[PDB]
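Participant: Below you'll find the structure I mean.
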Amino acid sequence: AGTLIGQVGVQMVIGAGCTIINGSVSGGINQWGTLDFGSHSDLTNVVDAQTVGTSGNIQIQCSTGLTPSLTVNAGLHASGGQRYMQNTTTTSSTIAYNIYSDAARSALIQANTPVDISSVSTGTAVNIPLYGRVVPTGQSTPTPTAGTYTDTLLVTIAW
Amino acid sequence: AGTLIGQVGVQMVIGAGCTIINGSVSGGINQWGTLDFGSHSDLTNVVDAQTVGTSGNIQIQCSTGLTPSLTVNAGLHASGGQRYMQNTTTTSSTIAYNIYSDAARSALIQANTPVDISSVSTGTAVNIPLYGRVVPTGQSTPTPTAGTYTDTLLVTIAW
Amino acid sequence: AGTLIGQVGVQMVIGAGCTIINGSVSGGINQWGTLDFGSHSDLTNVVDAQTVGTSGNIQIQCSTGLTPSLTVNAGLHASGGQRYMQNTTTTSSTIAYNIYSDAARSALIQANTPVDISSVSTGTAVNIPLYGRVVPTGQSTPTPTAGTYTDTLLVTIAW
Amino acid sequence: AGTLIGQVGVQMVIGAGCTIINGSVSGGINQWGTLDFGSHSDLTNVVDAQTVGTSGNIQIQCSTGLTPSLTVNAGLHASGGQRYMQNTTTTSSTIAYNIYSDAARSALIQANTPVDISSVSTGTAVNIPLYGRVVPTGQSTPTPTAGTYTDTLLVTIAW
Amino acid sequence: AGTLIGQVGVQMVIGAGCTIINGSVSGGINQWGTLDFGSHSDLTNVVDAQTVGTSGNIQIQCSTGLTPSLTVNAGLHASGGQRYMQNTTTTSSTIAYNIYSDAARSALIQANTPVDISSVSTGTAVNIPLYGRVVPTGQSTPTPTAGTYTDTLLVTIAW
């Protein structure tokens, strides 16, 4: 009863880069390592960790200029704007954690808020600005149960 | 030595619609936007893009009922049933890409094969079901040369 | 008061043909199909159609040699040399349309102007050179009212 | 053995005319043109023709008043009151045809039946009311053989 | 101075007939109808007429056997052996005409030359063998003036 004809056209340009390195892809998921905090018990001291994946650390290796933006989604298990970790065995146990955009862990990254990380330019393959820290305050009870707590984020680089 | 007389008669009906919106026409070509993947270098991560044209995204705004059919022709530079992109400067460089009929990019669109996209009905001006993805597997060498790769399709809506 | 006697004589020759096929005749009208554009609403994209009648497409199947001439009369509802379509319900609504003598729709057919379509010779039953196109420019208001717009032509083949 | 004497007396009057024009005479036959239908093959569409002879069309140019009568004899090859055409090579092949007294071809002329064509008066040299049409119904088989079919009539004008 | 005496004797026999019918007599003139050609203007087509008088056509109704002879005198206005017609108003205008002894108008009747019309025998009241035809060749100028052209013959039947 009708018919419309049109052409779309597809264009892609190779040039200015700023693409992540040392990140494996399985099925288009585009995984970018893991924030491995390590093994501890009865957390009463601050623990620091950085995004490490398989062989080598995740790096940026951005292009000259091109001030980018980093956006980190809240975790699957979130409440009150603070990302959480939930055990795979017991649903009640939970550990809170924070994430920072600098090595000194002074600038906090908020959920769904872009961060102007413009210092990763000029190549040089600098480490990705994503550092986590667990502080033993407000961590429900100081001593949690046993398990393997896990959580996943969603990191977006726009430029 | 001869003469034949006859009348043809031309009929057009306005009513049930299901016509594309936000698509400019120049000379009867009836262009429908562009699949702009963006700028990258040394493609090693999956890149997603959607059909965007000038001011606003391409939409359908189909009519009630009228289960339509979407057919996408293979590109000008094709081999083995997979659409390709070819540089305007160097003929050797090529990047493969795929196209999907859903946002999740789970249903693949084959060349010259109709797709029963019946969920775009009831108006509401839903986005056109045409999404592309570039996966860094089988992309000849992982790092291509520089240029502005281009390709054009031929989208047909029958209903 | 007077009387004159004379003989006229009637002659018809069967031989060189070049006669239309797939065209029904009712009462000597000698109908030759219909230019069915289809169903649309708020025409903003170019629509193409070809002369189709009942079971099969209208064809020529002309004879060897015999360079013919195609003449298309202006429609019943015409103004300024451009053929129009008028609704059967509301007299004000009108859609303009054009007609072409080739598949590419590059050569326009003017009213009461013969066209030397000499490429339809050597039999082979080629499709009749009559293609229509509706372009959404100068179409009064872009969105018309509802109805079943109709128009009739008068196609003459002389050779 | 006998002898009778008498005078006959011959009278002719010049005045009111209504005499045919553009008609050559050879030996008193008083020919009045030809109904040339043209060249066709596999007649499936209606063909129209008018009485044309040598340089110009046959005309009447009748006198004021003087309501005349037109009588057309049946052809040499006739059967069932319908005039026929017979090939000069094969006797079996035959095409039927009709004749009309008006341009619209709505009033049929019957064999040996006068027609009151009173509208050809007031001079003005109007075209002779004799039009033929071949309709592809009841034409034996739709496709005839090759040849030059011919037939002759006998037109009488009485007034 | 003298005187002679003698008897003549008058004899008439009734029997074998072959006498004309449908012919009025006024004063011994013994008129036999009229060759009424009719009314025409600008004679360019052959005109035929037969000897008709008052109520009915002139007939012979001859007797059995008795091969008769028909002799037709030249007209009052004759020149070169061809009978002519002269207007009663203008003496210059003239139309030539011929006369024939058969219906087909193939056998010409010459002035003062007997014709052996032996086929009118056996009664049956056959039409008189006298037919006239006007041919538009050598008729001075093709278009004559107005008037009522007349001429009289002298028909003799000897047997």
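Every chain in the structure tokens has a letter given in the order shown (A, B, ...), and although residue numbers restart at 1 in each chain, ligands are simply numbered from 1 in the order shown.
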At a cut-off of 12 Å, which residues of chain B touch chain C? Count only C-alpha atoms and give the answer as number ranges by chain.
Facilitator: B: 1-32, 61-63, 66, 156-159
Participant: I want to know what sits within 8 Å of residue 109 (chain B), based on only C-alpha atoms, with residues of the same chain fewer than 2 positions away left out; could you give that as a PDB file with N, CA and C atoms, in the first residue's frame?
Facilitator:
```
ATOM      1  N   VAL B  72      17.375  -3.444   3.837  1.00  0.00           N
ATOM      2  CA  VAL B  72      18.597  -2.656   3.743  1.00  0.00           C
ATOM      3  C   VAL B  72      19.491  -3.298   2.694  1.00  0.00           C
ATOM      4  N   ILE B  99      25.232  -3.963  11.108  1.00  0.00           N
ATOM      5  CA  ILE B  99      24.044  -3.147  11.330  1.00  0.00           C
ATOM      6  C   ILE B  99      22.981  -4.017  11.989  1.00  0.00           C
ATOM      7  N   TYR B 100      22.205  -3.419  12.891  1.00  0.00           N
ATOM      8  CA  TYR B 100      21.225  -4.145  13.684  1.00  0.00           C
ATOM      9  C   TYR B 100      19.894  -3.406  13.669  1.00  0.00           C
ATOM     10  N   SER B 101      18.820  -4.153  13.925  1.00  0.00           N
ATOM     11  CA  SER B 101      17.461  -3.631  13.876  1.00  0.00           C
ATOM     12  C   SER B 101      16.890  -3.314  15.252  1.00  0.00           C
ATOM     13  N   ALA B 107      19.776  -8.429  17.078  1.00  0.00           N
ATOM     14  CA  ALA B 107      19.226  -8.958  15.837  1.00  0.00           C
ATOM     15  C   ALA B 107      19.966  -8.335  14.659  1.00  0.00           C
ATOM     16  N   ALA B 111      21.640  -8.617   4.144  1.00  0.00           N
ATOM     17  CA  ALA B 111      21.482  -7.895   2.889  1.00  0.00           C
ATOM     18  C   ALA B 111      20.297  -8.441   2.102  1.00  0.00           C
ATOM     19  N   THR B 113      17.179  -8.712   2.786  1.00  0.00           N
ATOM     20  CA  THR B 113      16.299  -9.574   3.570  1.00  0.00           C
ATOM     21  C   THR B 113      15.339  -8.685   4.348  1.00  0.00           C
ATOM     22  N   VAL B 115      12.816  -7.218   7.118  1.00  0.00           N
ATOM     23  CA  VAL B 115      12.709  -7.347   8.566  1.00  0.00           C
ATOM     24  C   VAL B 115      11.342  -6.826   8.985  1.00  0.00           C
TER      25      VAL B 115
END
```
Participant: For the strand (DSSP E or B) assignment from backbone DSSP, which residues of region 24-86 of chain E qualify? Please present them as a count of residues only.
Facilitator: 29
Participant: Just how far from CA of residue 129 (chain D) is CA of residue 112 (chain D), in Å to one decimal?
Facilitator: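 Here the two named atoms are 16.0 Å from each other.
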Participant: Using only C-alpha atoms, pick whichever of B:94, B:131, B:58, B:117 has the shortest atom-to-atom distance to residue 79 (chain B).
Facilitator: B:94
